[PDB]
Amino acid sequence: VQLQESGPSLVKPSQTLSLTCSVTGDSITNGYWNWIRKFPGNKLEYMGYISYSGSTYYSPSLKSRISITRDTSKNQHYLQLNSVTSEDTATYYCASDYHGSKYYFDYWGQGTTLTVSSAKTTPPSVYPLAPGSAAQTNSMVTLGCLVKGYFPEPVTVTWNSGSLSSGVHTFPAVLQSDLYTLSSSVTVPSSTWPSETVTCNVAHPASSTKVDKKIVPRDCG
Amino acid sequence: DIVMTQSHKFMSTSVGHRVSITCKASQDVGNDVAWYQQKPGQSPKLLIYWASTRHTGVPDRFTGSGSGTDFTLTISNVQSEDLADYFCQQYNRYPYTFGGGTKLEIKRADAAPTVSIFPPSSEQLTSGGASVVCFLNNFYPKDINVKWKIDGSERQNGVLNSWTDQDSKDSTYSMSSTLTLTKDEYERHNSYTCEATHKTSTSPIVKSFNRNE
Amino acid sequence: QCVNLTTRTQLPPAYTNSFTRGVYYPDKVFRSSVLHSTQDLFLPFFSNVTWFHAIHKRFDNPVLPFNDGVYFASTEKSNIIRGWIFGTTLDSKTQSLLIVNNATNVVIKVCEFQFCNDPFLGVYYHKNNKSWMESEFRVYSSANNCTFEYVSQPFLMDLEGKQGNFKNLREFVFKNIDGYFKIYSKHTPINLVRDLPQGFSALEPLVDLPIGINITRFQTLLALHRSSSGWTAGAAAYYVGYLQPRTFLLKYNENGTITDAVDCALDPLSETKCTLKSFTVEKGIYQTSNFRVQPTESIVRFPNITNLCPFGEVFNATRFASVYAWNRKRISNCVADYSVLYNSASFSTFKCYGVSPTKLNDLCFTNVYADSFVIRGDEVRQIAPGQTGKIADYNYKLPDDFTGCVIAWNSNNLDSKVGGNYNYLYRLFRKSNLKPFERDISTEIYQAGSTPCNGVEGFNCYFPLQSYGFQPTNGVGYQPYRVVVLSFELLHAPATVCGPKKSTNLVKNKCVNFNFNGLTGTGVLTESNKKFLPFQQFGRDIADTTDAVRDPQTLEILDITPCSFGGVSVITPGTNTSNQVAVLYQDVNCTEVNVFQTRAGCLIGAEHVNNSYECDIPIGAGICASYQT
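Residue numbers (the deposited numbering), protein chains in the order written: chain D, 2 to 222; chain H, 1 to 213; chain E, 14 to 69, 77 to 247, 255 to 620, 641 to 676.
1) Got a sec: is the Cβ-Cβ distance from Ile21 of chain H to anything in chain E below 8 Å?
2) Near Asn360 of chain E, which residues of its chain fall below 6 Å by C-beta distance, leaving aside the five closest residues on each side in sequence?
3) Check for me: the beta strand (DSSP E) holding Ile117 of chain H runs from which residue to which?
4) In whole angstroms, give me the CA-to-CA distance for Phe220 of chain E and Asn188 of chain E.
5) Alpha carbon to alpha carbon, how far is residue 214 of chain H from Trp50 of chain H?
6) Tell me the rounded alpha-carbon separation between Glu6 of chain D and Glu154 of chain D.
7) Check this for me: beta carbons of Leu115 of chain D and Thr92 of chain D, under 8 Å apart or not?
8) Ends of the beta strand (DSSP E) at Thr102 of chain H?
9) Who are the near neighbours of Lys557 of chain E in its chain, counting only those whose CB is closer than 6 Å to its CB and skipping five residues on each side?
10) Does the beta-carbon of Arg577 of chain E have 16 or more other beta-carbons within 10 angstroms, so that it is buried, or is it exposed?
11) If the cut is a Cβ gap below 8 Å, which residues of chain E does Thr69 of chain H touch?
12) With distances taken between CB atoms, is the gap from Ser399 of chain E to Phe464 of chain E smaller than 8 Å?
13) So which of E:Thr430, E:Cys432, E:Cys488 and E:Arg273 has the shortest CA-CA distance to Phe456 of chain E?
14) Could you check which residue in D:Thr57, D:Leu20, D:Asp89 and D:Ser28 has the C-alpha nearest to that of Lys13 of chain D?
15) Please classify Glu619 of chain E: does DSSP put it in a helix, a strand, or coil?
16) Can you list, in chain order, the stretches of the alpha helix (DSSP H) that have 4 or more residues and sit fully within the segment 345 to 415 of chain E?
17) Just to confirm my understanding: we take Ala25 of chain H, look at its own chain, exclude 5 residues before and 5 after, and list those with CB closer than 7 Å. What are they?
18) Do you know how far the Cα of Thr157 of chain D is from the Cα of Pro412 of chain E?
19) How about the segment 394 to 410 of chain E and the segment 512 to 519 of chain E: do they share at least three Cβ pairs that are nearer than 8 Å?
20) Under the three-state reduction of DSSP, which class applies to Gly496 of chain E: helix, strand or coil?
21) Which chain D residues are close to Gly502 of chain E, counting only those with a beta carbon under 7 Å from its beta carbon?
22) Are the C-beta atoms of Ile2 of chain H and some chain E residue less than 8 Å apart?
23) Compare the Cα-Cα distances from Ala67 of chain E to each of E:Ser325, E:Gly35, E:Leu24 and E:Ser45 and report the closest residue.
24) What does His170 of chain D pair with, by DSSP beta-bridge criteria?
25) Could you have a look at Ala419 of chain E and say whether DSSP puts it in helix, strand or coil?
26) In this structure, how does DSSP classify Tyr38 of chain E when only helix, strand and coil are distinguished?
27) So within the segment 19 to 69 of chain H, which uninterrupted beta strand (DSSP E) runs reach at least 3 residues, ignoring any that extend past its ends?
28) Is it true that the CB of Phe139 of chain H sits closer than 8 Å to the CB of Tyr173 of chain H?
29) Specify, as a first and last residue, the run of the alpha helix (DSSP H) that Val341 of chain E falls within.
30) Could you tell me whether the Cβ atoms of residue 634 of chain E and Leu223 of chain E are closer together than 8 Å?
31) Using only alpha-carbon positions, find the residue among D:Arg71, D:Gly145 and D:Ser178 that is nearest to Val159 of chain H.
32) Taking a contact to mean a Cβ-Cβ separation below 8 Å, would you say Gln77 of chain D touches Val2 of chain D in this structure?
33) With 16 other CB atoms within 10 Å as the buried threshold, where does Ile48 of chain H fall?
34) If we ignore side chains and look at the alpha-carbon of each, how far apart do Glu484 of chain E and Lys417 of chain E end up?
35) Does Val407 of chain E get closer than 8 Å to chain H when you measure Cβ to Cβ?
36) For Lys535 of chain E versus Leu546 of chain E, is the C-beta distance shorter than 8 Å?
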């Protein structure tokens with residue numbers, strides 16, 4: 002069973018949340034589908050559940066601020082919340098309560114981080130990073146990939162369309178006042194820079210924006 | 001609800017050592033105490049169900065026993081591919097209230113850090129933004145302090161740190177900071193300096209640059 | 014403040030045996046040629062003290085406790101010892117007493133001083149024009165909330181390093197009783213090389229400091245002399268002892284100098300001097316103390332149980348009730364064992380709210396209620412405070428202060444059958460919600476519209492008690508689960524549900540504490556030869572002394588033997604003849620404690656000689672003891 006979440010990741014206050022958890026590999030014959038709110042900082046909290054026949058029961062955490070529907074034709078299930086406040090800035094995961102072939106399984110998807118604020122959709126501005134002439138050089142050369150002015154969460158920063166993995170340390174987002182700032186690094190020897198050209202690729206699942214910017218030694222002396 | 005509470009925040013063992021992660025909840029944990037397995041870069045997966053049976057693809061070294069509310073995930077001869085965040089829960093009745101968490105890592109040799117500060121690009125000054133980026137990677141352990149030196153004076157407000165998981169090839173860490181300024185404050189200062197105090201160095205590496213280039 | 018001395022080397026905690034040190038005057042009461050008994054914090058003889066130094077390889081000044089009472093003893097040749105630090109937590113958060121000497125005055129201040137990481141004193145530039153003048157004061161940094169201040173008389177103390185051996189001895193007593201701090205001073209010339217003097221002296225009081233504060237730890241300061256971290260020290264040492272509240276005897280002469288000291292809990296030779304209250308002990312046998320064996324532990328000797336709550340007809344019942352017509356069963360006047368419910372390894376759902384099931388086993392309750400109903404798998408999780416749906420709102424509502432347990436397991440093999448199980452019912456529609464602990468068994472037709480239904484089904488008139496559906500071809504989540512809800516409340520009624528049982532093993536020939544259904548105390552369980560009646564529980568002697576018992580769960584008669592006791596006898600020689608003594612206990616053997644068994648008891652310290660000599664000192668039952676070559 003393969004799971005993949007999809008939907009808009011920007012919901013203003015006093016609006017309606019809408020997303021879809023896709024199921025691929027196993028039909029909706031056995032097992033439940035639940036939701037767990039992920040607080041920032043490795044903290045989780047249960048949200049609700051649904052059956053697979055039509056019995057829609059709610060959780061004591063959300064009595065009337067939750068609406069989960071079913072779809073047995075396309076093997077999917079929706080998620081809808083009412084009266085979305087500023088405390089709903091989190092990520093919701095969908096899992097299966099499957100128990101077959103004398104084994105208990107529990108698969109989890111990727112997840113789409115929901116951010117509740119007053120700002121609209123902002124595309125990311127990928128800016129290159131390179132050491133200048135006044136910077137102190139070293140034997141190990143570091144190359145950066147700056148993203149400033151992106152909204153909302155989440156984001157994904159890769160290197161060479163995901164093919165480069167050695168020395169990749171993608172730092173997560175931060176909690177600033179208005180806008181966030183990404184920071185990615187790579188490990189290359191002195192023969193690479195500035196002889197070879199390294200290009201970082203930054204993805205954005207909330208708006209399907211992919212910006213490709215090359216790192217150039219600008220500005221120099 | 002069942003108030004879950006964990007004691008150990010992080011466990012650092014080696015190859016062949018025993019990993020002991022306790023789960024001392026304030027309420028009853030039940031008999032169907034389960035454990036997750038948060039792989040690095042992937043989704044968390046189920047490891048142990050019904051407190052005696054393992055998941056599909058799990059070796060026999062991941063077992064569990066105990067008595068009452070004092071349960072301990074018995075792990076013997078932990079390999080290098082077992083670095084995962086373990087949570088204690090119950091699979092008896094909805095809802096599933098979880099605990100804090102405990103990060104499992106391996107113990108390897110130390111590594112000398114490398115400070116590399118970056119000047120801001122010309123594309124950032126066109127829009128109106130200004131930020132100084134300085135990184136600090138390939139170091140061990142995570143007990144380090146990364147601060148800024150704005151014209152010799154330190155800065156603490158607006159400094160936020162971030163870190164990643166342990167690498168499976170070099171067994172090093174990565175931790176840097178973030179400091180953003182406005183357009184008017186960019187033309188007032190001259191030089192920025194970042195450093196890091198590591199246990200394998202008597203003096204920190206001083207790296208600075210000039211904005212005039 | 015922050016710079017610590019790098020000349021510190023780790024020393025193992027060795028010990029030093031003292032001979033008769035640690036005897037002072039407990040009060041200002043004069044006597045003559047007697048032995049006054051008193052109870053105070055004294056230093057016991059032949060004890061172990063610390064082994065520290067004040068030299069340039078070993079330079080250590082640790083933190084020792086103070087609440088148990090400590091004794092100070094240190095040789096001196098060049099006045100290395102300057103002062104001490106008396107603080108509770110050794111920080112500026114609480115008050116602290118500071119007694120230091122800068123060779124001009126005795127500074128006594130009770131403030132909240134800011135102690136450094138390693139405070140010390142010393143004289144700089146010992147190469148030329150030394151003069152032994154104090155020019156460094158790095159004890160504290162600030163002062164706040166001072167309550168006492170004392171300035172002594174001005175003087176000049178010399179710190180000249182005379183070569184050779186040690187020539188001075190300064191021993192103090194550091195104790196605090198009810199806030200009154202006492203300093204007992206003594207100065208006498210000696211001749212030492214390394215070790216403590218194995219002599220005897222007295223300690224006279226000097227001052228009195230009613231500080232009125234509690235002191236838990238202390239620290240001894242040292243001096244540094246070198247011709255700011257590599258400064259070396261001189262050559263001195265200091266030993267720290269531990270006081271204990273024992274009883275000493277003091278022999279005052281015509282001048283008031285203590286000549287002898289008797290420890291009543293060191294050796295059986297000196298135990299006769301405390302009972303007789305005389306130094307010159309005549310030849311004979313006297314009683315000193317009373318032997319007694321403390322009990323080990325209390326074991327409740329209950330193999331199995333006797334009474335039982337009816338959990339068999341509730342858990343293992345064949346047919347349950349519905350979710351709207353659940354039967355409430357009151358469980359009282361019985362002993363319930365909740366430990367077997369958690370370790371049964373047969374319940375798929377077992378959760379208690381408010382308290383753990385392992386914690387309520389050692390707790391008495393008065394009202395226990397048990398319910399039983401069979402529902403589907405989508406309705407077991409609604410048995411919780413704050414739930415919604417059909418069961419929580421229309422069938423069975425729990426209050427917010429639920430202090431019970433939820434028991435549920437799988438019953439698909441019994442409560443389901445091929446073709447559909449239409450036995451159990453549930454209410455589907457209702458005009459409002461239910462109260463906590465409210466049963467609704469009404470079969471009235473729900474009027475969904477405005478037209479009446481008149482007891483029959485029609486337009487907007489549906490039957491509320493709908494039938495369930497159980498099939499074996501369904502999934503795991505649709506299996507019938509037997510749900511048992513336990514209710515616990517507290518009222519003014521006395522508790523009838525109890526029974527915390529702790530049994531380990533069969534213990535014999537040990538002084539233990541027994542706990543039976545109608546008898547308790549301390550006794551030694553051993554074998555017997557009597558034949559007790561099956562209704563009797565215990566037996567007594569003539570003078571109301573219980574000496575036998577019978578186990579209610581095991582057909583075995585165990586006599587309640589009292590533990591090992593009796594008087595303590597000792598054979599003491601003259602004060603100018605010898606010092607060897609022997610231990611003689613009463614009415615016990617040599618196994619429950641130069642070993643010889645007598646009729647009166649066990650005699651430890653004598654050798655069995657077949658030669659019969661004249662009876663000099665009697666032992667008992669035709670046995671005597673004497674002194675031979």
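Idealized CB from N, CA, C, for every residue including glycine.
Let me lay it out:
1) Any Cβ of chain E closer than 8 Å to the Cβ of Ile21 of chain H would place that residue at the interface, and such an atom is absent.
2) Counting only Cβ-Cβ distances below 6 Å, and skipping sequence neighbours, we find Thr523.
3) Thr114 to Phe118 is the span of the beta strand (DSSP E), which, as asked, contains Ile117 of chain H.
4) About 15 Å.
5) Nothing about residue 214 of chain H can be reported from this structure: the residues present for chain H run from 1 to 213 only.
6) Straight-line Cα distance between these residues: approximately 14 Å.
7) Contact flag set, yes.
8) Counting along the chain, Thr102 of chain H sits inside the beta strand (DSSP E) bounded by residues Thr102 to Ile106.
9) Excluding positions up to five away in sequence, the list reads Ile584.
10) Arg577 of chain E comes out buried.
11) Counting only Cβ-Cβ distances below 8 Å, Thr69 of chain H has contacts in chain E at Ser383 and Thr385, in chain order.
12) Judged by beta-carbon spacing, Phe464 of chain E lies beyond the 8 Å limit of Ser399 of chain E, meaning their Cβ atoms are not closer than that value.
13) That would be E:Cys488, whose Cα lies nearest to the Cα of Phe456 of chain E.
14) Ranked by Cα distance from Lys13 of chain D, the options D:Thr57, D:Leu20, D:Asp89 and D:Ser28 are led by D:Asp89.
15) It is coil, neither helix nor strand.
16) Annotation note: the segment 345 to 415 of chain E contains the following uninterrupted alpha helix (DSSP H) runs of length 4 or greater, listed N- to C-terminal: 366 to 369.
17) Result list for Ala25 of chain H: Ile2, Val3, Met4, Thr5 and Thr69, in chain order.
18) For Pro412 of chain E and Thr157 of chain D, the distance between alpha carbons rounds to 42 Å.
19) Touching, yes.
20) In the three-state reduction of the DSSP assignment, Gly496 of chain E falls in the coil class, being assigned neither a helical nor a strand state.
21) Residues of chain D with a Cβ closer than 7 Å to the Cβ of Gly502 of chain E are, in chain order, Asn31.
22) Closer than 8 Å to the CB of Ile2 of chain H there is at least one CB belonging to chain E.
23) It is E:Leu24 whose Cα lies nearest to the Cα of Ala67 of chain E.
24) DSSP output for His170 of chain D lists D:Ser186 as bridge partner(s).
25) DSSP places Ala419 of chain E in helix when its eight states are reduced to three.
26) In this structure, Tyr38 of chain E counts as coil in the three-state DSSP scheme.
27) Runs found: 33 to 38, 44 to 49 and 65 to 67.
28) The answer is yes: Cβ separation under 8 Å.
29) Here the alpha helix (DSSP H) through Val341 of chain E covers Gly339 to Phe342.
30) This model leaves out residue 634 of chain E; its place in chain E lies between 620 and 641, and no residues are given there.
31) Of the candidates D:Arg71, D:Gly145 and D:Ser178, the one whose C-alpha sits nearest the C-alpha of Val159 of chain H is D:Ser178.
32) Not in contact: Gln77 of chain D and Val2 of chain D (Cβ atoms no closer than 8 Å).
33) Flag for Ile48 of chain H reads buried.
34) Their Cα atoms are separated by approximately 21 Å.
35) Closer than 8 Å: yes.
36) No, Cβ-Cβ distance for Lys535 of chain E and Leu546 of chain E is not below 8 Å.
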